[PDB]
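>>> Please find the sequence and an experimentally derived structure below.
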Amino acid sequence: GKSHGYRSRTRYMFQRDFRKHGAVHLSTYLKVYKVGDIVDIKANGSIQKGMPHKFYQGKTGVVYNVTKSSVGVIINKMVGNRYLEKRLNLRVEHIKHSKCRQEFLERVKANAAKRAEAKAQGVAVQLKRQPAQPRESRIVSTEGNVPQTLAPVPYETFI
Amino acid sequence: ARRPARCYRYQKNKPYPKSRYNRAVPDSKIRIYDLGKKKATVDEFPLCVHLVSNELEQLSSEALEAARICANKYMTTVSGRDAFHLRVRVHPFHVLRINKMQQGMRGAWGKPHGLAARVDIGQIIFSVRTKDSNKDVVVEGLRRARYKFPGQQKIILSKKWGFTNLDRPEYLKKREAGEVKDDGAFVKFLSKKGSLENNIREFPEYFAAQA
Amino acid sequence: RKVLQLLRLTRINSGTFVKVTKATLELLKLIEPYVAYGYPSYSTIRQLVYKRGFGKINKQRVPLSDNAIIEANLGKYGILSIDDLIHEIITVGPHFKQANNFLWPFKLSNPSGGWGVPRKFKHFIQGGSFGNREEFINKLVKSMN
Amino acid sequence: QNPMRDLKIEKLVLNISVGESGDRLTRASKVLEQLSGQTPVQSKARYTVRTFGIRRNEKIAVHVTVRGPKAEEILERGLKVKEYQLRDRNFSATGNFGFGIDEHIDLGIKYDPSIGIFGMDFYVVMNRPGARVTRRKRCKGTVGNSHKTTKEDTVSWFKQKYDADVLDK
Amino acid sequence: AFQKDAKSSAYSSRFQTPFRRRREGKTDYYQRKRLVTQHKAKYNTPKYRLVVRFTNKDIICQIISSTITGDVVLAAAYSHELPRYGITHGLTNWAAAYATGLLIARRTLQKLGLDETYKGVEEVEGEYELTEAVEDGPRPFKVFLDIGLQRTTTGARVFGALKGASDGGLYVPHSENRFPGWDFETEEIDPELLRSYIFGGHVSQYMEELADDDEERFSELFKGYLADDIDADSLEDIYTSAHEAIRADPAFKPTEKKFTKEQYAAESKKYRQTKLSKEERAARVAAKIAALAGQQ
RNA sequence: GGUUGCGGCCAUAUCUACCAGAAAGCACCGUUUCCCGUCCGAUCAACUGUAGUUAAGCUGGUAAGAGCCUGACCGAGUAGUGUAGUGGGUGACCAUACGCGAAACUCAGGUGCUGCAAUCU
RNA sequence: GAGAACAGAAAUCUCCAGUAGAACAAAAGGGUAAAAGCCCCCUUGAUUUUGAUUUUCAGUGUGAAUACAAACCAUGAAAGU
RNA sequence: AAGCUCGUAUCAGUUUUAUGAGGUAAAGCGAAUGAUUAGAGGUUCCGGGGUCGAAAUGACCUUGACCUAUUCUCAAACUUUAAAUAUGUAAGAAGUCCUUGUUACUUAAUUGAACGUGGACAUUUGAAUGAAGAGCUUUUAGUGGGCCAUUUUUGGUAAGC
Ligand SMILES: [Mg+2]
Ligand SMILES: [Mg+2]
Ligand SMILES: [Mg+2]
Ligand SMILES: [Mg+2]
Ligand SMILES: [Mg+2]
Ligand SMILES: [Mg+2]
Ligand SMILES: [Mg+2]
Ligand SMILES: [Mg+2]
Ligand SMILES: [Mg+2]
Ligand SMILES: [Mg+2]
Ligand SMILES: [Mg+2]
Ligand SMILES: [Mg+2]
Ligand SMILES: [Mg+2]
Ligand SMILES: [Mg+2]
Ligand SMILES: [Mg+2]
Ligand SMILES: [Mg+2]
Ligand SMILES: [Mg+2]
Ligand SMILES: [Mg+2]
Ligand SMILES: [Mg+2]
Ligand SMILES: [Mg+2]
Ligand SMILES: [Mg+2]
Ligand SMILES: [Mg+2]
Ligand SMILES: [Mg+2]
Ligand SMILES: [Mg+2]
Ligand SMILES: [Mg+2]
Ligand SMILES: [Mg+2]
Ligand SMILES: [Mg+2]
Ligand SMILES: [Mg+2]
Ligand SMILES: [Mg+2]
Ligand SMILES: [Mg+2]
Ligand SMILES: [Mg+2]
Ligand SMILES: [Mg+2]
Ligand SMILES: [Mg+2]
Ligand SMILES: [Mg+2]
Ligand SMILES: [Mg+2]
Ligand SMILES: [Mg+2]
Ligand SMILES: [Mg+2]
Ligand SMILES: [Mg+2]
Ligand SMILES: [Mg+2]
Ligand SMILES: [Mg+2]
Ligand SMILES: [Mg+2]
Ligand SMILES: [Mg+2]
Ligand SMILES: [Mg+2]
Ligand SMILES: [Mg+2]
Ligand SMILES: [Mg+2]
Ligand SMILES: [Mg+2]
Ligand SMILES: [Mg+2]
Ligand SMILES: [Mg+2]
Ligand SMILES: [Mg+2]
Ligand SMILES: [Mg+2]
Ligand SMILES: [Mg+2]
């Protein structure tokens, strides 16, 4: 009958990336995690100990614990109509620092600056982001660039 | 005991190959796909004419074989067995099943029944190469083959030199230059890429410029 | 359905103004089969607001009819009259969000001389009524207002 | 060139394929022992064959690898038996050569009816200096083309010192 | 290479090349992984290794930590520094291994302050012993032996290096069973033999014997010893005093230098072929299809 | 700039065939008393740095080289696809509207970058 | 692939090539090359205490599994495991 | 149903921006595995026939396989590549920076780690749109045969299956 073991349906998920099998490079072990850090979760199939269940592949959570060979990650998972808190013991091989945050940290650190650069000068800042605006007017010149007239082309077969 | 072909015209199922998961499947009724002077050189037969599907459907191995024999028979008796090269372009890789038949619709997975080629719109089914002088004969051969197939197919005059991918004048440019050299019944083209040394080996009559 | 809610279009023939940015384009895109929209002229923003313009005031949909009603709720933003309001709308001012939200969605009638087409629910470009009909919106909305 | 891309003998491996274990093999061993001065190594059959009358892991043969001067005292000794004529095969593409003899008596060593008579497989493998490169642990590498042992190089080497013949084509 | 060998396009296309430093057969990544990764709850605490490598007759000791940009030398000592301390010959032997480890330990342990506390065994009787932590005070500098590709044999001289960095004050965790004078059939060290090696006793007694059985060889190898009138028996004091000299001043002198970086650079490019331009390559092809083609 | 020890990214670093490499280094290389390991001091261990060599390793350059990497309105706004209609068509299927948009192909350009430390005409 | 008496398609000896085309009880999929495969050396961590966690879920149980704490040991020169 | 604690507050079957995950559609097969049509050129001390033969590790044909570069065609349980739709996280006061306290953890180390004291910057304080507010607690009914349409889609010749 049906079958639904732990690593069920994961053939291509935990698979290894073309011409990237073998030892994991040492940078994966030199990276350093602190409680609060935001991490993305993705399984290294060659590292059977400490694997995320496949539900958590592609998922991003927060470190809550740092352990000898691992980090404890809390993921919010929705079951029924509600989220429940989930805690994952993952070896450092199945985790990386998420950049889901840099645009923020980089933007903060920058936002402080142009605020100083304003204040100190005599204000007028405006530092919220804004959506793509529509385009302004413009004058396109014809010089070197007279318009080429095209028409639709007849039916033809090649074969 | 063949069901009428109407029961498998359409592509209702993901392809079902002969595989190690299938295994007990009958032979294709079509089995030779190149008749005529297949040995012929490329320069010999410049005219290509296609029999071309205008439908998304399935052709049985049985109808490929029957059509095969139709076009080949007509062609050789009107114009000679070495007058042309017929190529069947379509192989019946898709296994059709049958729920042969107490028990009802219980456990209904069928057994292999026969084979079909799955065929697109604009997908070429037959290809022929000849002497220009023999066009009409060839075209009539594919016309008679049509009546062996379900669905609309329509015969199309090729732009290309025989079974080549080059339009006739382009094949002519390469040939009357050095660039082209004979092989079995196809052709090899000189590349500007790779070892200069053993590029010269092949294609000696290049590396001039002229005639 | 959600987008129609967020644009405040929760019943047939009612309408609202929208400031066009990438982040609302994509809203407009998701609802093209249910709406008709375009670029309104001064004349029709003016006659929309003079005729069918209502503030939202402690909810309670209140007709515009006197300028003190406006100044009491939008004064904080400059904007102390009905033509001030219009002006914030048409020029998409720095306070278009507060100004525009102030306006209850407009309740329009069916077009008076009709839709001009046999079938409404295909694109304006296919002889239907939905989608961006650009400046042809003014003829529709006037016929509806 | 030519400084010390000389042509030493890598090692000599004598081999007795006695398709059986038991007494006969431990006699085949004794031969190689006294003949090499070294204690020979035994080889188990790789699979069963039954028409060869052997079983997997039986102990089926003895052989021994010999290096330096000791390998020449024996090569020469066998080469004598071969009357200093090998053949144009015998020499491998990667520059080794081997021959066989039957009756080891034909290289010193008395008869002794309690040991019997055995045939031997001689296999001489050649190399030059700098061969360590391939055999060592760290920075293992491969000898450059123009330093590899070749058939011509070995035959000519053979034809010269020894002054023996090659024969055939 | 043979015609029937020789690689197909598809072989080459799917080939997964190993790490460079494996293709070079220089680095065991399995061991490195385990040498270098730190306890995650010890955060940015470097995990220092004691790298000991042997060239065809130079000994290299570096104390090394790791960084994803690359590793980091804290300190480095070489047995070719030993002429500075009164050792001229045989600087690839067990006692040069010892000396250098001692040199390396002393040097770093200095520039870390743990200099005057943690002297390590000053006596040296080849007693088996790790440097113990001073009650109330800084723990010793801890360091792990990176042997590299060296086989572990009981007697290997990589462990000579180990003995002297440990004798010199470093905490380098280790057992005793790869030191010369470890007895095979009994869990027992004879430190009398291990003392002997630290002071090159085996080299010396080897000279004494070659003296009066075969002076042909004694002058080939051991030439230098003759040439400097160092007949064996003094070899211990040689090394006994090296130890002294080393502890007295390990603080690493660089070579004076002569000629600058710019200058070493200048002459080296004289011998460095330079890549060609596309144009230059084009005109070699063109050149070739005038000759090899145009019917000579 | 060369080189070595430890490296990071792990082919622009790999593969095939040629050639060039000063100085140092590395290497090959000599030895078998001693620790140590072998059928074999080939590997592994030790000892000399003496006796010998750039042949190989190594490094670099060559090649209308194989591979790999990068780019392009090269192919292609193609294939596929989200949304729409009381659109076409017996049907199989297919056009159109508002969007998203490949892969192969073709051509061009490239062939390791770099951290710590020591050393070198 | 090329080589060596009896020796043959298949016995045992050697060199070259070899990205895994093998092997890892078992189905199949994933994984793995100075290994996770093959050969050898030492062993009982297949142990002790009691919690937390992931899958199945009701976020019950059971199975199975993960990462720690507190012991006691194994191995290795060691980091470690 | 009963409410309860609060209220510009926090909220969202939506977009945008930034940053992940994925192996379906398509595609591919002169790329791996597996299938498949055709020739062409090679290679045998070595698979078989046959002519010459005393034989040959002989020569010549012959047909096989294998190799090289080509060629037509395919995959639910094949694949280097690889969408669209769908999908995880982030867009601040529970924030950012400076100073330097606590410990039995951890470091060679007042090193770190975690929690803090004191100090500096307010609403363009950090995208859009919306918000008849938001959060929270108890308790209890009925239900636990479902069926249909567009699209994806399995079995079946098919079905108002
Ligand atoms: Mg199943
Ligand atoms: Mg386990
Ligand atoms: Mg369909
Ligand atoms: Mg079906
Ligand atoms: Mg039935
Ligand atoms: Mg019945
Ligand atoms: Mg059944
Ligand atoms: Mg069945
Ligand atoms: Mg027809
Ligand atoms: Mg709006
Ligand atoms: Mg009117
Ligand atoms: Mg009228
Ligand atoms: Mg009317
Ligand atoms: Mg109508
Ligand atoms: Mg009206
Ligand atoms: Mg030389
Ligand atoms: Mg027998
Ligand atoms: Mg091959
Ligand atoms: Mg190719
Ligand atoms: Mg690998
Ligand atoms: Mg190891
Ligand atoms: Mg030199
Ligand atoms: Mg001995
Ligand atoms: Mg030696
Ligand atoms: Mg050694
Ligand atoms: Mg050279
Ligand atoms: Mg090297
Ligand atoms: Mg190339
Ligand atoms: Mg579509
Ligand atoms: Mg329709
Ligand atoms: Mg398996
Ligand atoms: Mg390893
Ligand atoms: Mg048990
Ligand atoms: Mg229960
Ligand atoms: Mg349980
Ligand atoms: Mg799948
Ligand atoms: Mg697929
Ligand atoms: Mg497909
Ligand atoms: Mg297809
Ligand atoms: Mg593709
Ligand atoms: Mg294929
Ligand atoms: Mg093609
Ligand atoms: Mg979303
Ligand atoms: Mg969402
Ligand atoms: Mg609002
Ligand atoms: Mg309210
Ligand atoms: Mg209830
Ligand atoms: Mg209930
Ligand atoms: Mg109930
Ligand atoms: Mg019921
Ligand atoms: Mg419906």
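Done, it's in. Numbers count the residues shown, from 1 in each chain, chains lettered A, B, ... in the order given. Ligands and ions are numbered 1, 2, ... in the order given.

>>> Mind jotting down where the strands sit in the stretch 101-250 of chain E?
For the stretch 101-250 of chain E, the strands defined by DSSP state E, counting those that start in this stretch cover E:144-146, E:182-183, E:188-189.

>>> which residues touch whichever residue of chain C sits closest to chain D?
Closest approach between chain C and chain D, counting by CB to the nearest CB: residue C:22, at 58.3 Å. The C-beta positions use only the backbone N, C-alpha and C, and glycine is treated the same way. By CB atoms under 8 Å, 6 or more residues apart in numbering or on different chains, the contact set of residue C:22 is A:131, A:132.

>>> again, but for residue B:37
By CB under 8 Å, 6+ apart, residue B:37 lies in contact with B:44, B:45, B:81, B:82, B:83, B:84, B:85.

>>> what do you get if the cut-off is 10 Å, keeping everything else the same?
B:44, B:45, B:80, B:81, B:82, B:83, B:84, B:85, B:86, B:129, B:130, B:185 (CB atoms under 10 Å, 6 or more residues apart in numbering or on different chains).

>>> what's the distance between it and residue B:162?
12 Å (CB to CB, to the nearest Å).

>>> circling back to that earlier point, secondary structure added to the contacts of residue B:37, as CSV?
CSV is the format used below for the contacts of residue B:37 (DSSP: H, G, I helix; E, B strand; the rest coil):
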residue, secondary structure
B:44, helix
B:45, coil
B:80, coil
B:81, coil
B:82, coil
B:83, coil
B:84, strand
B:85, strand
B:86, strand
B:129, strand
B:130, strand
B:185, coil
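
>>> Out of the residues you listed, which end up buried?
Neighbour-count burial (16 or more other CB atoms under 10 Å in any protein chain shown) applied to the contacts of residue B:37 gives B:45, B:83, B:84, B:85, B:86, B:129, B:130, B:185.

>>> what's the distance between the residue nearest to the first one when sequence neighbours are not counted and residue A:156?
Ranked by CB to CB, 6 or more residues apart in numbering or on different chains and with sequence neighbours excluded, the top spatial neighbour of residue B:45 is residue B:129, at 3.9 Å. With distances taken as CB to CB, residue B:129 is found 22 Å from residue A:156.

>>> so where does residue A:68 fall, helix or strand?
Following DSSP states H and E, one finds residue A:68 outside all helices and strands.

>>> can you count the residues close to it?
By other CB atoms under 10 Å in any protein chain shown, 10 other residues sit near residue A:68.

>>> and if you look at the one 10 residues further on?
The tally of other residues near residue A:78 (other CB under 10 Å) stands at 8.

>>> so residue B:116 bridges to which residues?
Under DSSP bridges, the beta-bridge partners of residue B:116 are residue B:60, residue B:94.

>>> What residues does it make contact with?
Residue B:116 is in contact with B:5, B:8-9, B:11, B:15-16, B:28, B:57-64, B:90, B:92-96, counting by CB under 10 Å, 6+ apart.

>>> Then residue B:90?
By CB under 10 Å, 6+ apart, the contact list for residue B:90 reads B:30, B:33, B:51, B:53, B:59, B:61, B:64, B:67, B:116-119, B:123-127.

>>> With adjacent residues omitted, what lies nearest to residue 54?
As the question left the chain open, I've gone with chain A. residue A:10 (5.0 Å).

>>> switch to chain D, that's the one I care about
Distance criterion CB to CB, 6+ apart; nearest residue to residue D:54, sequence neighbours excluded, is residue D:45 at 4.6 Å.

>>> Surely the residue nearest to residue B:45 touches residue B:43?
No: counting by CB atoms under 10 Å, residue B:129 does not reach residue B:43; the two are 11.1 Å apart.

>>> what is in contact with the two at once?
Here residue B:129 and residue B:43 share the contacting residues B:161, B:162, scored by CB under 10 Å, 6+ apart.

>>> Could I get the full set of helices for chain B?
Applying DSSP state H to chain B gives helices spanning B:61-79, B:135-146, B:168-176, B:197-200.

>>> on that earlier part again, filter the contacts of residue B:90 down to the ones close to ligand 17.
Among the contacts of residue B:90, no residue sits close to ligand 17 (CB under 5 Å from the ion).

>>> what does chain B put close to ligand 9?
Contact residues, chain B versus ligand 9 (CB under 5 Å from the ion): B:146, B:149.

>>> Which part of chain B gets nearest to RNA strand G, residue-wise?
residue B:20 (9.7 Å; CB to the nearest atom of the strand).

>>> All the helices of the chain, in order from the start?
In the absence of a named chain, chain A is used. Using DSSP H, helices in chain A cover A:27-30, A:102-119.

>>> that answer is for a different chain, and I need it for chain D
For chain D, applying DSSP H gives helices covering D:23-36, D:69-81, D:132-135, D:151-159.

>>> Can you list the neighbours in contact with the third one?
Applying CB under 10 Å, 6+ apart, the contact partners of helix D:132-135 are D:10, D:127, D:139, D:140, D:141, D:142, D:143, D:144, D:147.

>>> Is that helix positioned near RNA strand F?
Yes: on the criterion CB under 7 Å from any atom of the strand, helix D:132-135 is in touch with RNA strand F at D:132, D:133, D:135.

>>> can you tell me the residue of the stretch 51-200 of chain E closest to ligand 32?
In the stretch 51-200 of chain E, no residue comes nearer to ligand 32 than residue E:149, which is 9.8 Å away by CB to the ion.

>>> For residue E:61, see how far away that residue is.
16 Å.

>>> Those two - which one has more neighbours?
Using other CB under 10 Å as the criterion, residue E:149 and residue E:61 rank with residue E:61 on top: 27 against 15.

>>> That one belongs to a helix?
No: the assignment for residue E:61 by three-state DSSP gives strand, which leaves it out of any helix.

>>> Contacts only, for the residue nearest to it when sequence neighbours are not counted.
Spatially, and ignoring its direct neighbours in sequence, residue E:61 is nearest to residue E:104 (4.1 Å; CB to CB, 6+ apart). By CB under 10 Å, 6+ apart, the residues touching residue E:104 are E:50-52, E:59-63, E:74-78, E:81, E:143, E:161, E:164-165, E:168, E:170, E:246, E:250.

>>> Which of these fall in helices?
Per DSSP H, those map to helices at E:161, E:164, E:165, E:246.

>>> how about stretch E:52-71: buried residues?
Across stretch E:52-71, burial judged by 16+ other CB under 10 Å covers E:52, E:53, E:54, E:59, E:60, E:61, E:62, E:63, E:64, E:65, E:66.

>>> The residue most central in space within chain D bridge partners, please.
Centroid-nearest residue in chain D: residue D:123, 2.2 Å away (criterion: CA atoms, centre = their mean). Counting by DSSP bridges, residue D:123 is bridged to residue D:13, residue D:98.

>>> What's the separation between it and residue D:17?
Per CB to CB, residue D:123 is found 12 Å from residue D:17.

>>> what does residue A:16 give?
Look at residue A:16 and residue D:17: by CB to CB, they are 45 Å apart.

>>> higher neighbour count, these two?
More crowded of residue A:16 and residue D:17, by other CB under 10 Å: residue D:17, with 15 against 11.

>>> tally of neighbours for the closest residue to the more buried one other than its chain neighbours?
Using CB to CB, 6+ apart and skipping the chain neighbours, the partner closest in space to residue D:17 is residue D:61 (4.7 Å). Counted with other CB under 10 Å, residues neighbouring residue D:61 total 23.

>>> Before I go, just wanted to say thanks for your time.
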